[PDB]
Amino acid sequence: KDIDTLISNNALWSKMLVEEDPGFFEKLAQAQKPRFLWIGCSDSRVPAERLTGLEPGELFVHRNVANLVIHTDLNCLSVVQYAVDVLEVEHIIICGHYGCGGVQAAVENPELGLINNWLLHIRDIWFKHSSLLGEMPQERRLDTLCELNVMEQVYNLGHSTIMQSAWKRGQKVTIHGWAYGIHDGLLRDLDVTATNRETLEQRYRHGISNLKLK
C-alpha cells in the first residue's frame, strides 16, 4: 500500500458509512469523555480497539516504545494527569505484548542508536529480577520479562504524584496490567490490579509471587 491508496480508501470509506452506518459519528459528535486510558507499545501489533471491542471515543491512548512509564517522562505523565484529573478516566490499562521488539532489543543489546538510552530502563528491570528469571526455563525468560516489565510500569504509575494524589483525595481510578500474544490475540491479566496505595503494594508483590510458582 502507498500513500495515495490510504487517502483514496479513506474518501471511499467515509462515503460508504452514510449508507452502511450513518450514525457512526453520532457518539463522537456528542462530547463523551473516555472512561479508559490505554498505555501500550508503539508496535501496536493488534489495535486495542480490536482486542477489546471498544468503540472510537471510549479510550484515551498513549503509545511509546515498550509501553514504559518512566518516573520522569513528562510526555507520558502529561497524558496520565490529563486523563485522571481532567477527563477523570476510571480505568488505566498498561498493556504489553509477547515478542515486543523493544523488550528483546533491551536483552540482546544491539547498537541501535538513540533508542538504546530509552531501553536501558528495561535492562534495569532485567537486572532487578535476575534471580527470578534464572529460576525458570530459558525459552520462557523473554516472555516473562515482558510480563515483569508491565508489572513494573504499573508500579511506577501508581507511585507517580499524579496517582498518589488522586487516590489520596478519594478518586476512583483503577490500574490494570495486561499482556497479549500474537498467537491468539488473547488478553492475559497479570493480576496486579491496583485501586489505591495499599492494593498497589499488595498486588505488586502478588504478581511477582505468582511468577515464582509459574
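Start at 1 and count along the sequence shown; that's the residue number. Each form is matched to the other, and the largest set of C-alpha atoms that superpose within 1.5 Å is called the rigid core.
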Original post:
in 5 other deposited structures of this protein, superposed by the rigid core, which stretch departs further from the shown form in CA positions, 27-35 or 177-185?
Top reply: 27-35
Original post:
Do the Cα atoms of 128-136 or those of 96-104 sit farther, on average, from the shown form in 5 other deposited structures of this protein after fitting on the core?
Top reply: 128-136
**OP:** Higher average CA B factor in the deposited record is what I'm after, so tell me if that's 172-180 or 54-62.
**Re:** 54-62
Original post:
Quick one: higher average CA temperature factor, 132-140 or 88-96?
Top reply: 132-140
**OP:** Check where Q104 lands among this chain's C-alpha B-factors and tell me if it's the lowest, middle or highest third.
**Re:** middle
**OP:** Would you check the entry's CA temperature factor for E147 and let me know if it's in the chain's lowest, middle or highest third?
**Re:** lowest
**OP:** Relative to the other modelled residues of the same chain, rank the CA B-factor of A48 and answer lowest, middle or highest third.
**Re:** middle
Original post:
Going by what the PDB entry lists, where does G185 fall on CA B-factor within its chain: lowest, middle or highest third?
Top reply: middle
Original post:
Lowest, middle or highest third: where is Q164 by Cα B-factor in its chain?
Top reply: middle
